[PDB]
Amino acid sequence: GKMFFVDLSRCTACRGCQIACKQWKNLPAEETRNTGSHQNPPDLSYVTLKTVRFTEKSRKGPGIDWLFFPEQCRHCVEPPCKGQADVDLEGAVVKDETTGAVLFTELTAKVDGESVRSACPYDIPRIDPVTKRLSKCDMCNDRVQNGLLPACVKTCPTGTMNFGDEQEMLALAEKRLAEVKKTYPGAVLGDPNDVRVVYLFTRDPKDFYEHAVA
């Protein structure tokens, strides 16, 4: 299977990844307003599969700790969303055997959408208020099957986004955690045995987002 290693110690919050996701899928823009933050859209939605969350933490002396979290589906090894959807109708949520992608199909319109979102420990699924279809990150599974990187990985200028075979990516994550700890001693990997999107947090993951980890 495939894996993302997301080294958040390298993120400049450029939001290339946020735009790249929408360009590749030709997703519409939300109506947004500035409510006193750079963060926008404020949340994942039916039409936003990735948003960069911004958090400012006070620190001693000049500046802040500015935490950036490009949020997406974790493509869980044993996805609760599928376990919940499969109650109502199998085939609404499937797992690709080759990549390990967890994939919502058109049959999500027939299942209890609200219930599938509740099953997700990362609060990822979003419902279309018209068609009741569920959407989220699909790992750019078609690009991946065709030997391309996911749009958000290829676009990333900093090396925050990394993608490959689970074995090379777990080894990269372990090696990078050791190097990053030299700058950020409280660095941790997010749920690295349970998911296919492994984040390196520079500190308590919950500082980045309340559902950063399960």
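Don't overthink the numbering: it's just position in the shown sequence, from 1.
Legend: mean Cα B-factor per stretch from the PDB entry, 12-20 versus 193-201; the higher mean is in 193-201. Of the two segments, 132-140 and 109-117, the one listed with the higher mean B-factor is 109-117 (C-alpha atoms only).
Comparing C-alpha B-factors across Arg53, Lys154, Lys50, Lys60 in the deposited entry, the largest value falls on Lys60. Per the PDB record, residue ranking by Cα B-factor puts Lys181 in the middle third of the chain. In the PDB entry, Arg126 places in the middle third of its chain by CA B-factor. Ranked within its chain, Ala171 lands in the highest third, by CA B factor from the PDB record. Per the PDB record, residue ranking by Cα B-factor puts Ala214 in the highest third of the chain. Ranked against the other modelled residues of its chain, the C-alpha B-factor of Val102 as given in the entry falls in the middle third.
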